[PDB]
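Okay, so we've got a single protein chain in two different forms coming up as structure tokens, structure 1 first and structure 2 after it.
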Structure 1
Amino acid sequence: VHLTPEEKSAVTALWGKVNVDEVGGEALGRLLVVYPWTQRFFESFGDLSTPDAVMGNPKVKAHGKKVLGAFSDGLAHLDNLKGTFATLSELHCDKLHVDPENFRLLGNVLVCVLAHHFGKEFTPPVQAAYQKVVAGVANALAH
């Protein structure tokens, strides 16, 4: 994707303040709570039986860190997302070969979590810039 300078600024400034230890777990966990079929993709992750359990599961939280890492990698190489993510998808064998819609669902849950954590600061223009990035990272990660 190509971001305008204001869009790049809108993303970068708020991204610097994200709690990188928690926000990924919260988004990945809400994905499993809100869209329960996604738990099938993570049946190797243990107990996903209730909202509280999902949200406290340690491998949720761990791979949540990795989801943010993929966002940061994407933001750093917006003009070559496929080259950025090629090793990431391939190291996974078939695990990332699910419908592209679930990557768009994950990106939108992440947007919801950023709105939850930043409140008024997650303005409509800031959201719009993030939507460009989460769309690009979604397309590349499902390829």
Structure 2
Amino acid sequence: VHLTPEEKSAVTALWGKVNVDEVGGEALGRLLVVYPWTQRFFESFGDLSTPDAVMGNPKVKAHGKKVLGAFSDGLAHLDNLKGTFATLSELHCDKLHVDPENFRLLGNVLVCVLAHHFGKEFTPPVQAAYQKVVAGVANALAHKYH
């Protein structure tokens, strides 16, 4: 997407400090908790009945890790989010039947998780660089839908 380099840099530096393993589990669990209809896709995941059932479900914690590594790869190919994500775009569509609006909810929840973790360190400006990225990743994922 059209990040500016001081934008690319500020995103990059922060991403530097993220624990992907724990942060993926968190954004994924928070999605399932604030937008409960999104649980329609994770029924084989067991108990999603309460916030703790969701938040410590090892199945959610482990999927969260897969989603964030994929995300991670994305941040390395910021010039080419579309091809980066095209086989994942086709998977979510044709086999998963995932409405792309879910990609947008997730990005919003993730920004919430960056702020919750970095505090003051997640500034308005850093927030604006990340809003751009999540939008760039949601679009790349929605790209192969037909």
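Rigid core here is just the name for the largest C-alpha set that superposes within 1.5 Å across the two forms. Numbers follow structure 1, counted from its first residue as 1.
_Identity of the moved residue from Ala53, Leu96, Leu105, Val111, C-alpha shift 2 angstroms or more, core fit between the two structures_ = Flagged residue: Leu96.
*In Å, how far apart are the CA positions of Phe42 between the two structures with the rigid core superposed?*
Displacement of the alpha carbon, after core fit: 1.0 Å.
*asked:* Relative to the superposed core, report the C-alpha shift of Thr87 between the two structures in angstrom.
replied: Its C-alpha position differs by 2.4 Å.
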